[PDB]
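Report on one structure; see the data block that follows.
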2 protein chains.
Amino acid sequence: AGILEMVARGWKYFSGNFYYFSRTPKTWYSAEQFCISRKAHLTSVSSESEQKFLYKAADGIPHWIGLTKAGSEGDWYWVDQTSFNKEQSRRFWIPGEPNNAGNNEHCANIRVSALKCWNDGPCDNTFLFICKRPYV
Amino acid sequence: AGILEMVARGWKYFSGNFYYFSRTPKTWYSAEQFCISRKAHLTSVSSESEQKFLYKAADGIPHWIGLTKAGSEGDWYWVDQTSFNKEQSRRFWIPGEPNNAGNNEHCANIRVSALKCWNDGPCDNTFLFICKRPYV
Ligand SMILES: [Ca+2]
Ligand SMILES: [Ca+2]
């Protein structure tokens, strides 16, 4: 509906997209349910620059993003259905990650504040979250 | 993978579909994640016959089913993309449900062992679950 309005409504703006950083923590799925109801999806990271903005604006607090496995034993996909670049992700996971700790880590979160900031963790962990919505 | 091959692994067969009834409790999404790893989804309900097979096998124990909202404020649908008729479902909901308690009950389960067994509850409640894989 327009940049100023969306900004004025509390949304962040970075490079062709609106973002919503949740004021309360939810499980990955309850976070996605909210983003759908906000005409959005849990965020994707489709560049290094977008990764830079997203870790910065997270403020060192662990934020759910929109990476999830296609089934508890499947490969990662972006929920917003953009392509997942397996190779580009190398520069985005915290070293050691994805580690699949206790074989119950199928949802990914911005845990720290660096270029390498993603951690795989339990999908039922409650964290703050980022809804992504196109500027269309 | 063969009717007798599936029941020999612990799948249940009824009227053209295989169904996995779970051992351990899980949230709606993790349940669904587990489903997909076994080539299934959480179960959709198309006929009263299916409803009756499902509620009688569920034994009174609450079991998650594949009915969820298109977001926290959106419409009910089946996660396996079976078409959901609201008028047919009227028969299966517990009288007085779906109530949407605290604007928070965004997933459905088979709560009791009766025809009127569907209750809406928060997707973060941990219950046993029913996966469904179609026989082709
Ligand atoms: Ca991890
Ligand atoms: Ca209810």
Side-chain angles (χ1 to χ4, degrees), chain A residues 25 27-31 33 42 45 55 58 60-69 72-76 84 86 89-129, chain B residues 27-31 33 42 45 51 55 58 60-69 71-77 84 86 89-129:
Chain A
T27 58
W28 187 95
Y29 188 72
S30 311
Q33 297 286 84
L42 272 164
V45 182
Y55 83 79
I61 312 156
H63 279 73
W64 277 131
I65 68 167
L67 201 65
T68 185
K69 296 179 185 172
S72 53
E73 295 174 27
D75 272 302
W76 303 99
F84 176 62
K86 269 207 87 183
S89 78
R90 285 178 186 188
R91 308 186 315 285
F92 299 155
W93 300 101
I94 290 164
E97 293 274 332
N99 50 355
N100 211 26
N103 252 62
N104 198 42
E105 316 212 319
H106 323 301
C107 297
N109 68 81
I110 286 168
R111 189 168 141 100
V112 302
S113 43
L115 201 62
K116 295 187 169 75
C117 62
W118 305 349
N119 159 77
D120 72 2
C123 291
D124 304 321
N125 279 350
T126 56
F127 289 121
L128 305 186
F129 59 89
Chain B
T27 56
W28 193 94
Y29 189 68
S30 270
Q33 285 262 246
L42 292 165
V45 183
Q51 174 77 359
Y55 90 70
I61 308 157
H63 284 72
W64 282 133
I65 57 160
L67 196 65
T68 202
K69 273 188 264 185
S72 71
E73 286 140 46
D75 261 30
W76 291 98
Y77 71 101
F84 175 75
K86 200 174 190 67
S89 76
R90 285 197 50 79
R91 292 166 69 180
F92 308 136
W93 287 108
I94 291 163
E97 300 291 345
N99 63 341
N100 190 26
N103 209 257
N104 198 247
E105 299 197 302
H106 314 316
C107 288
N109 53 58
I110 289 165
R111 191 190 194 162
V112 304
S113 172
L115 195 74
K116 291 159 163 186
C117 59
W118 294 359
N119 177 38
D120 67 333
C123 306
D124 293 319
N125 268 344
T126 40
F127 302 122
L128 312 189
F129 56 92

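Naming: A, B, ... by sequence-line order, numbering from 1 per chain. Values below: every heavy atom of this structure, side chains too, minus hydrogens, waters and symmetry copies. Counting starts at 1 for both ligands and their atoms, following the listed order.
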Worksheet item: Can you tell me if B:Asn100 has an N, O or S atom under 3.0 Å away from the Ca ion (ligand 2)?
Response: no
Practice prompt. Assess whether atom CZ of A:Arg91 is packed by more than 12 heavy atoms of other residues, nucleotides or ligands within 6.0 Å.
Written response: yes
Worksheet entry | Minimum-distance pair of heavy atoms, taken over all atoms of A:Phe129 and A:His63 | N-CD2, 3.7 Å
Worksheet item: Which atom, counting only N, O or S, brings B:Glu97 closest to the Ca ion (ligand 2)?
Response: OE1
Worksheet item: What's the atom name of the N, O or S in A:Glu105 nearest to the Ca ion (ligand 1)?
Response: OE1
Item to complete: Please find out if less than 6.0 Å separates the ring center of B:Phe84 from that of B:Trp76.
Response: no
Practice prompt. Give, for atom CH2 of B:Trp64 and atom CH2 of B:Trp28, the distance between the pair rounded to the nearest 0.5 Å.
Written response: 9.5 Å
Response to the item:
Here the vertex angle at the Ca ion (ligand 1) for OD1 of A:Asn119 and OD1 of A:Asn99, given to 10°, is 130°
